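Asker: Contents of coords36.cif (mmCIF, C-alpha atoms and all ligand atoms) are given next:
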```cif
data_target
#
loop_
_atom_site.label_atom_id
_atom_site.label_comp_id
_atom_site.auth_asym_id
_atom_site.auth_seq_id
_atom_site.Cartn_x
_atom_site.Cartn_y
_atom_site.Cartn_z
CA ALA A 19 -35.72 42.66 -73.81
CA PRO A 20 -32.58 41.27 -72.15
CA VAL A 21 -30.40 44.28 -71.37
CA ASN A 22 -26.72 43.83 -72.17
CA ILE A 23 -24.78 42.59 -69.15
CA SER A 24 -21.72 44.66 -70.05
CA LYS A 25 -23.70 47.89 -70.39
CA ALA A 26 -25.61 47.43 -67.12
CA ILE A 27 -22.64 46.11 -65.11
CA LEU A 28 -21.58 49.68 -64.31
CA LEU A 29 -25.04 50.54 -63.00
CA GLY A 30 -25.21 47.32 -60.99
CA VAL A 31 -21.81 47.92 -59.40
CA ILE A 32 -22.69 51.54 -58.60
CA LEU A 33 -25.96 50.53 -56.94
CA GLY A 34 -24.30 47.71 -55.01
CA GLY A 35 -21.57 50.02 -53.75
CA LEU A 36 -24.13 52.62 -52.68
CA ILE A 37 -26.18 49.98 -50.87
CA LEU A 38 -23.12 48.63 -49.06
CA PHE A 39 -22.03 52.14 -48.08
CA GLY A 40 -25.47 52.94 -46.71
CA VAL A 41 -25.67 49.65 -44.81
CA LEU A 42 -22.22 50.07 -43.25
CA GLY A 43 -23.03 53.65 -42.28
CA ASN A 44 -26.30 52.55 -40.69
CA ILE A 45 -24.68 49.78 -38.63
CA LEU A 46 -22.00 52.29 -37.61
CA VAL A 47 -24.62 54.81 -36.43
CA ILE A 48 -26.27 52.16 -34.23
CA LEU A 49 -23.03 50.64 -32.97
CA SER A 50 -21.69 54.03 -31.88
CA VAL A 51 -24.75 54.59 -29.71
CA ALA A 52 -24.86 51.03 -28.36
CA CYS A 53 -21.18 50.62 -27.46
CA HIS A 54 -20.89 54.08 -25.88
CA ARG A 55 -22.98 54.49 -22.73
CA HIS A 56 -22.01 58.18 -22.70
CA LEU A 57 -24.16 58.74 -25.81
CA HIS A 58 -27.58 57.26 -24.97
CA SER A 59 -30.70 59.40 -24.52
CA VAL A 60 -34.20 59.77 -25.93
CA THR A 61 -32.95 61.71 -28.95
CA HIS A 62 -30.08 59.26 -29.42
CA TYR A 63 -32.55 56.38 -29.26
CA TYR A 64 -34.61 58.16 -31.93
CA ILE A 65 -31.48 58.53 -34.05
CA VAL A 66 -30.94 54.79 -33.64
CA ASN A 67 -34.57 54.31 -34.69
CA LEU A 68 -33.89 56.28 -37.87
CA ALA A 69 -30.75 54.21 -38.43
CA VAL A 70 -32.80 51.02 -38.09
CA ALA A 71 -35.33 52.38 -40.59
CA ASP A 72 -32.48 53.08 -43.01
CA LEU A 73 -31.16 49.57 -42.36
CA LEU A 74 -34.55 48.09 -43.22
CA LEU A 75 -34.59 50.17 -46.41
CA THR A 76 -31.04 49.21 -47.40
CA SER A 77 -31.15 45.51 -46.46
CA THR A 78 -34.56 44.36 -47.75
CA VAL A 79 -35.70 47.06 -50.20
CA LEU A 80 -32.66 48.44 -51.99
CA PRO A 81 -31.02 45.14 -53.08
CA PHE A 82 -34.28 43.87 -54.57
CA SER A 83 -35.10 47.23 -56.18
CA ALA A 84 -31.64 47.47 -57.75
CA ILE A 85 -31.96 43.91 -59.05
CA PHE A 86 -35.35 44.77 -60.54
CA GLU A 87 -33.94 47.90 -62.17
CA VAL A 88 -30.87 46.26 -63.70
CA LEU A 89 -32.83 43.22 -64.87
CA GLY A 90 -35.83 45.36 -65.80
CA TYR A 91 -38.31 42.65 -64.80
CA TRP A 92 -39.46 41.09 -61.53
CA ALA A 93 -38.06 37.56 -61.53
CA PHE A 94 -39.63 36.62 -58.20
CA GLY A 95 -43.27 35.80 -57.55
CA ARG A 96 -46.27 38.04 -57.03
CA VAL A 97 -46.39 37.53 -53.26
CA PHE A 98 -42.72 38.46 -52.99
CA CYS A 99 -43.33 41.71 -54.90
CA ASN A 100 -46.37 42.47 -52.74
CA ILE A 101 -44.32 42.06 -49.56
CA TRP A 102 -41.42 44.07 -51.02
CA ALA A 103 -43.67 47.01 -51.93
CA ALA A 104 -45.27 47.01 -48.48
CA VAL A 105 -41.85 46.84 -46.82
CA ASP A 106 -40.68 49.82 -48.89
CA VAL A 107 -43.80 51.90 -48.24
CA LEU A 108 -43.63 51.17 -44.51
CA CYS A 109 -39.88 51.71 -44.09
CA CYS A 110 -40.02 55.13 -45.76
CA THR A 111 -43.01 55.96 -43.56
CA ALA A 112 -41.13 54.78 -40.48
CA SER A 113 -38.17 56.99 -41.36
CA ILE A 114 -40.35 60.06 -41.86
CA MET A 115 -42.26 59.40 -38.64
CA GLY A 116 -38.97 59.05 -36.77
CA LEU A 117 -38.03 62.41 -38.23
CA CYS A 118 -41.28 64.00 -37.08
CA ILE A 119 -40.88 62.64 -33.54
CA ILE A 120 -37.26 63.83 -33.50
CA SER A 121 -38.65 67.22 -34.52
CA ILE A 122 -40.80 67.23 -31.37
CA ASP A 123 -37.95 65.92 -29.22
CA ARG A 124 -35.70 68.77 -30.38
CA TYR A 125 -38.51 71.28 -29.93
CA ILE A 126 -39.13 70.21 -26.33
CA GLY A 127 -35.39 70.08 -25.67
CA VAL A 128 -34.88 73.60 -27.03
CA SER A 129 -37.91 75.34 -25.55
CA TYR A 130 -37.15 73.94 -22.06
CA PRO A 131 -33.45 73.02 -22.00
CA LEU A 132 -33.30 72.56 -18.22
CA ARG A 133 -36.69 70.93 -17.63
CA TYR A 134 -36.35 68.77 -20.77
CA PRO A 135 -35.47 65.46 -19.02
CA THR A 136 -38.75 65.89 -17.14
CA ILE A 137 -41.09 66.18 -20.14
CA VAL A 138 -39.59 63.15 -21.91
CA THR A 139 -37.76 60.27 -20.22
CA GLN A 140 -36.59 56.80 -21.21
CA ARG A 141 -40.10 55.59 -20.31
CA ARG A 142 -42.11 58.34 -22.07
CA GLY A 143 -40.22 58.67 -25.34
CA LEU A 144 -40.43 54.93 -25.95
CA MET A 145 -44.22 55.04 -25.84
CA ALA A 146 -44.09 57.62 -28.64
CA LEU A 147 -41.56 55.50 -30.54
CA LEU A 148 -43.80 52.43 -30.44
CA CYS A 149 -46.82 54.58 -31.29
CA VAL A 150 -45.11 56.00 -34.38
CA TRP A 151 -44.05 52.51 -35.45
CA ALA A 152 -47.67 51.38 -35.16
CA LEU A 153 -48.93 54.45 -37.02
CA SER A 154 -46.41 53.89 -39.82
CA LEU A 155 -47.42 50.23 -40.07
CA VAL A 156 -51.15 51.01 -40.23
CA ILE A 157 -50.73 53.91 -42.70
CA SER A 158 -48.43 51.78 -44.89
CA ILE A 159 -50.12 48.37 -45.04
CA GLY A 160 -53.57 49.94 -44.85
CA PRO A 161 -53.45 51.77 -48.18
CA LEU A 162 -51.96 48.69 -49.85
CA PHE A 163 -54.39 46.24 -48.23
CA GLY A 164 -57.45 48.49 -48.47
CA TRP A 165 -56.91 49.82 -51.99
CA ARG A 166 -54.97 47.18 -53.92
CA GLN A 167 -55.23 47.28 -57.69
CA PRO A 168 -56.05 43.92 -59.31
CA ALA A 169 -53.22 41.42 -59.43
CA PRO A 170 -51.49 41.39 -62.85
CA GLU A 171 -51.43 38.13 -64.77
CA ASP A 172 -47.68 38.23 -65.43
CA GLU A 173 -45.22 37.56 -62.62
CA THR A 174 -42.56 39.77 -64.25
CA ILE A 175 -44.84 42.85 -64.31
CA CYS A 176 -45.36 44.28 -60.81
CA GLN A 177 -45.44 48.09 -60.64
CA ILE A 178 -46.85 50.69 -58.27
CA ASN A 179 -50.57 51.42 -57.98
CA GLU A 180 -51.49 53.70 -60.87
CA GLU A 181 -54.87 54.40 -59.27
CA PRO A 182 -55.05 57.99 -57.98
CA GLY A 183 -57.32 56.94 -55.12
CA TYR A 184 -54.49 55.14 -53.33
CA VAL A 185 -51.50 57.29 -54.28
CA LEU A 186 -53.20 60.48 -53.10
CA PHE A 187 -53.79 59.64 -49.45
CA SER A 188 -50.78 57.32 -49.28
CA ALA A 189 -48.46 60.21 -50.17
CA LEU A 190 -50.43 62.70 -48.07
CA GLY A 191 -50.39 60.64 -44.88
CA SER A 192 -46.89 59.29 -45.52
CA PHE A 193 -45.01 62.47 -46.47
CA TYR A 194 -47.02 65.69 -46.48
CA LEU A 195 -48.89 65.36 -43.18
CA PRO A 196 -45.77 64.14 -41.30
CA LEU A 197 -43.86 66.92 -43.08
CA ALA A 198 -46.12 69.66 -41.71
CA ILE A 199 -45.40 68.50 -38.14
CA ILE A 200 -41.69 68.72 -39.00
CA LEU A 201 -41.78 72.16 -40.66
CA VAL A 202 -43.76 73.66 -37.77
CA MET A 203 -41.66 72.09 -35.00
CA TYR A 204 -38.45 73.21 -36.69
CA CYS A 205 -39.89 76.65 -37.41
CA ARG A 206 -40.51 76.95 -33.67
CA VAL A 207 -37.02 75.60 -32.95
CA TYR A 208 -35.42 78.16 -35.26
CA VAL A 209 -37.41 81.09 -33.87
CA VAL A 210 -36.60 79.98 -30.32
CA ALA A 211 -32.90 79.69 -31.15
CA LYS A 212 -32.88 83.18 -32.66
CA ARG A 213 -34.88 84.88 -29.89
CA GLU A 214 -32.91 83.19 -27.10
CA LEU A 261 -26.79 77.75 -21.20
CA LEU A 262 -24.44 74.80 -21.57
CA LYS A 263 -27.43 72.47 -21.79
CA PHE A 264 -29.02 74.99 -24.14
CA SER A 265 -25.89 74.96 -26.30
CA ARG A 266 -25.88 71.16 -26.48
CA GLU A 267 -29.59 71.09 -27.31
CA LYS A 268 -29.11 73.65 -30.09
CA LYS A 269 -26.16 71.69 -31.50
CA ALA A 270 -28.24 68.51 -31.58
CA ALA A 271 -31.15 70.45 -33.09
CA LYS A 272 -28.87 71.75 -35.85
CA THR A 273 -27.56 68.25 -36.60
CA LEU A 274 -31.06 66.80 -36.80
CA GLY A 275 -32.09 69.84 -38.85
CA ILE A 276 -29.43 69.01 -41.40
CA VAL A 277 -30.70 65.43 -41.43
CA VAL A 278 -34.30 66.58 -41.87
CA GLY A 279 -33.35 69.01 -44.62
CA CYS A 280 -31.46 66.36 -46.57
CA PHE A 281 -34.33 63.90 -46.18
CA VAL A 282 -37.06 66.34 -47.21
CA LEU A 283 -35.12 67.80 -50.14
CA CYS A 284 -34.29 64.33 -51.44
CA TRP A 285 -37.81 62.93 -51.10
CA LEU A 286 -39.79 65.98 -52.24
CA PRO A 287 -39.22 65.36 -55.99
CA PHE A 288 -40.94 61.97 -55.85
CA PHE A 289 -43.83 63.01 -53.61
CA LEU A 290 -44.35 66.09 -55.80
CA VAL A 291 -44.15 64.35 -59.18
CA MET A 292 -46.22 61.24 -58.46
CA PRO A 293 -49.33 63.14 -57.26
CA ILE A 294 -48.83 65.59 -60.13
CA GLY A 295 -48.76 62.71 -62.59
CA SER A 296 -51.86 61.30 -60.93
CA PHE A 297 -53.74 64.58 -61.39
CA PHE A 298 -51.97 65.61 -64.60
CA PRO A 299 -51.51 62.55 -66.84
CA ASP A 300 -50.65 64.94 -69.68
CA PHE A 301 -47.60 66.23 -67.75
CA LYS A 302 -46.09 62.92 -66.62
CA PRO A 303 -42.29 63.24 -67.00
CA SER A 304 -39.94 60.79 -68.71
CA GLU A 305 -39.10 57.41 -67.21
CA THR A 306 -35.60 58.76 -66.57
CA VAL A 307 -37.15 61.36 -64.25
CA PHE A 308 -38.91 58.62 -62.29
CA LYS A 309 -35.71 56.58 -62.09
CA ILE A 310 -33.62 59.49 -60.84
CA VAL A 311 -36.20 60.65 -58.29
CA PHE A 312 -36.64 57.15 -56.85
CA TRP A 313 -32.89 56.68 -56.59
CA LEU A 314 -32.56 60.09 -54.94
CA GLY A 315 -35.17 59.02 -52.40
CA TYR A 316 -33.01 55.97 -51.71
CA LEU A 317 -29.59 57.65 -51.68
CA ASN A 318 -30.98 60.03 -49.07
CA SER A 319 -31.19 57.11 -46.63
CA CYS A 320 -27.83 55.93 -47.93
CA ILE A 321 -26.30 59.33 -47.10
CA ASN A 322 -28.06 59.81 -43.74
CA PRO A 323 -25.21 58.18 -41.75
CA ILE A 324 -22.58 60.60 -43.09
CA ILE A 325 -24.28 63.66 -41.61
CA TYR A 326 -23.64 62.73 -37.97
CA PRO A 327 -19.81 62.51 -38.20
CA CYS A 328 -19.54 65.67 -40.30
CA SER A 329 -22.03 67.74 -38.28
CA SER A 330 -21.76 66.72 -34.62
CA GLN A 331 -18.28 66.39 -33.13
CA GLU A 332 -19.51 63.91 -30.52
CA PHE A 333 -20.67 61.51 -33.22
CA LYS A 334 -17.35 62.07 -34.98
CA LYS A 335 -15.46 60.87 -31.90
CA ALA A 336 -17.89 57.97 -31.51
CA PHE A 337 -17.33 56.88 -35.11
CA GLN A 338 -13.56 57.21 -34.77
CA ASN A 339 -13.59 55.10 -31.61
CA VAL A 340 -15.80 52.44 -33.18
CA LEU A 341 -13.57 52.25 -36.26
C1 LIG B 1 -41.89 53.91 -55.37
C2 LIG B 1 -40.65 53.04 -55.15
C3 LIG B 1 -40.97 51.63 -55.67
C4 LIG B 1 -40.38 51.42 -57.09
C5 LIG B 1 -41.30 51.49 -58.32
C6 LIG B 1 -40.72 51.27 -59.75
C7 LIG B 1 -39.26 50.99 -59.95
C8 LIG B 1 -38.31 50.92 -58.71
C9 LIG B 1 -36.82 50.63 -58.90
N1 LIG B 1 -35.93 51.71 -59.30
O1 LIG B 1 -36.40 49.54 -58.73
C10 LIG B 1 -38.87 51.13 -57.28
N2 LIG B 1 -38.97 50.83 -61.37
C11 LIG B 1 -37.71 50.31 -61.94
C12 LIG B 1 -37.72 50.42 -63.48
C13 LIG B 1 -38.46 49.22 -64.11
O2 LIG B 1 -37.80 48.84 -65.30
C14 LIG B 1 -40.34 50.87 -62.09
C15 LIG B 1 -41.39 51.30 -61.02
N3 LIG B 1 -40.33 52.94 -53.74
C16 LIG B 1 -39.85 54.23 -53.21
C17 LIG B 1 -40.75 54.65 -52.03
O3 LIG B 1 -42.11 54.59 -52.43
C18 LIG B 1 -43.02 55.19 -51.52
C19 LIG B 1 -42.74 55.18 -50.01
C20 LIG B 1 -43.74 55.84 -49.03
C21 LIG B 1 -45.02 56.50 -49.57
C22 LIG B 1 -45.31 56.50 -51.08
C23 LIG B 1 -44.31 55.85 -52.05
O4 LIG B 1 -44.57 55.85 -53.45
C24 LIG B 1 -45.48 54.86 -53.86
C25 LIG B 1 -46.57 55.53 -54.69
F1 LIG B 1 -47.41 54.59 -55.19
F2 LIG B 1 -47.26 56.40 -53.89
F3 LIG B 1 -45.99 56.22 -55.72
#
```
Translate this file's structure into structure tokens.
Answerer:
Amino acid sequence: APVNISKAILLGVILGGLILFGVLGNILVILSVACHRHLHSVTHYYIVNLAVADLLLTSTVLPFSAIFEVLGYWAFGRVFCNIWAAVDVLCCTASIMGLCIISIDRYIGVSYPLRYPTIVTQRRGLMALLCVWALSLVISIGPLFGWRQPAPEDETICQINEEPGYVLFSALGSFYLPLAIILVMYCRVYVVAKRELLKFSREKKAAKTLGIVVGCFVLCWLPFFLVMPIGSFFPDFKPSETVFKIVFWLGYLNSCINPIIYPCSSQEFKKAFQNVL
């Protein structure tokens, strides 16, 4: 079923423009931190980590996914699809884990604004960063490696694991369990901010910025992680393919958007972006 080139050209151009916007935003978010030595810290390094996760999503996953969508079939080989799926599942996991370890950074930095640089330093936060990378890698490849469904005969048919056994714990350990550690850390941050100086004000401003980021991420991803398990349990209530398309693309455009939040929310990042431009 060769889709008309003219009809799908609009979709292809839209997806390409979104991917380029996300990529440029992600390089900008990293370049602002790197060039400016007035804007480096454990939380800023974690923001750069999230930017790198978005870069991995938008430089190795999006282009291929958009090509697959517009074409409608997987031109490349089986091994290439297997690596692409693993890269996707691990980059999303890396982004969410970065979020959940930014949720602890901004809980420590709000509960103890003055003693904060003592609990976490450039040597202690990096251990957590590497640990979360390792955890994301093992919880991403593991489900794929451990619970792969049999390889399809056709090279142009390569879709996600329909088996509930995988999807259940993959989603749970990739989104829901990391999401609990975010919703509890930010609940504590909010209650602390309400009940509760210059350092405290800066910490609360950074907490609010990262809270906007976390909210956007969670709201955008929740449709997919709520529909796919529901479809797994409830095959009778699986939505239309359009629903799947829109939810996946929302889960991607969230990473595409992520860069915009920093300039619009935090004035410091706004100056950094202006200087870099
Ligand atoms: C799931 C998705 C991959 C994907 C799948 C399919 C596409 C596309 C596309 N738009 O190119 C992308 N289709 C295109 C239409 C064909 O004609 C048909 C099917 N990656 C997002 C992120 O996934 C997880 C990231 C982290 C944890 C769980 C995830 O869930 C995977 C699941 F198996 F659990 F659902």
Asker: Using only C-alpha atoms and all ligand atoms, can you tell me which of A:317, A:324, A:66, A:52 comes closest to ligand LIG 1 (chain B)?
Answerer: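 Nearest to ligand LIG 1 (chain B): A:317.
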Asker: Neighbours of ligand LIG 1 (chain B) within 6 Å, counting only C-alpha atoms and all ligand atoms, as a PyMOL selection string?
Answerer: chain A and resi 83-84+86-87+90+106-107+110-111+177-179+185+188-189+192+292+309+312
Asker: Report the distance between atom CA of residue 73 of chain A and atom CA of residue 149 of chain A in Å, rounded to one decimal place.
Answerer: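 Distance reported for this atom pair: 19.8 Å.
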Asker: Using only C-alpha atoms, which of the listed residues (A:143, A:180, A:272, A:151) sits closest to residue 165 of chain A?
Answerer: A:180
Asker: Given 5 Å on each side, where is the centre and what are the edge lengths in Å to one decimal of the axis-aligned box enclosing the listed atoms of segment 326-341 of chain A, as lines of an AutoDock Vina configuration file?
Answerer:
```
center_x = -18.6
center_y = 60.0
center_z = -35.4
size_x = 20.1
size_y = 25.5
size_z = 19.8
```
Asker: What separation in Å, quoted to one decimal, exists between atom CA of residue 175 of chain A and atom CA of residue 101 of chain A?
Answerer: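 Taking atom CA of residue 175 of chain A as the start and atom CA of residue 101 of chain A as the end point, the length is 14.8 Å.
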Asker: So which residues touch residue 71 of chain A within 8 Å, counting all atoms listed in the file, skipping near sequence neighbours fewer than 4 positions away, as a list in words?
Answerer: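 Once the adjacent positions are removed, what remains is residues 67, 75, 109, 110, 112 and 113 of chain A.
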Asker: Which residue is closest to residue 208 of chain A? Choose from A:291, A:46, A:103, A:271 and count all atoms listed in the file.
Answerer: A:271
Asker: Which distance in Å separates atom CA of residue 27 of chain A and atom CA of residue 315 of chain A, to one decimal?
Answerer: 22.0 Å
Asker: Around (-27.4, 40.2, -59.1) in the file's frame, which residues reach within 10 Å when counting all atoms listed in the file? Return as an MDAnalysis selection string?
Answerer: chainID A and resid 27 30:31 34 81:82 84:86 88:89
Asker: Measuring atom to atom with all atoms listed in the file, identify which of A:203, A:126, A:159, A:325 is nearest to residue 274 of chain A.
Answerer: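 Between A:203, A:126, A:159, A:325, the residue approaching residue 274 of chain A most closely is A:325.
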Asker: Between A:298, A:64, A:281, A:134, which is the closest to residue 51 of chain A once you count all atoms listed in the file?
Answerer: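 Of the candidates, the smallest distance to residue 51 of chain A is held by A:64.
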Asker: List the neighbours of segment 167-174 of chain A out to 8 Å using only C-alpha atoms; skip same-chain residues closer than 2 positions along the sequence, and give me the result as a PDB file with C-alpha atoms, in the coordinates of the input.
Answerer:
```pdb
ATOM      1  CA  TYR A  91     -38.310  42.650 -64.800  1.00  0.00           C
ATOM      2  CA  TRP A  92     -39.460  41.090 -61.530  1.00  0.00           C
ATOM      3  CA  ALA A  93     -38.060  37.560 -61.530  1.00  0.00           C
ATOM      4  CA  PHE A  94     -39.630  36.620 -58.200  1.00  0.00           C
ATOM      5  CA  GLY A  95     -43.270  35.800 -57.550  1.00  0.00           C
ATOM      6  CA  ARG A  96     -46.270  38.040 -57.030  1.00  0.00           C
ATOM      7  CA  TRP A 165     -56.910  49.820 -51.990  1.00  0.00           C
ATOM      8  CA  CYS A 176     -45.360  44.280 -60.810  1.00  0.00           C
ATOM      9  CA  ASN A 179     -50.570  51.420 -57.980  1.00  0.00           C
ATOM     10  CA  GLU A 181     -54.870  54.400 -59.270  1.00  0.00           C
TER      11      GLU A 181
END
```
Asker: Find the residues around residue 323 of chain A up to 12 Å (only C-alpha atoms counted), leave out those fewer than 2 positions away in its own chain, and share them as a PyMOL selection string.
Answerer: chain A and resi 39-50+65-66+68-73+273-274+276-277+280-281+317-321+325-330+333-334+337
Asker: Calculated over only C-alpha atoms, which of the candidates A:100, A:304, A:331, A:140 has the smallest distance to residue 269 of chain A?
Answerer: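 Closest to residue 269 of chain A, using only C-alpha atoms: A:331.
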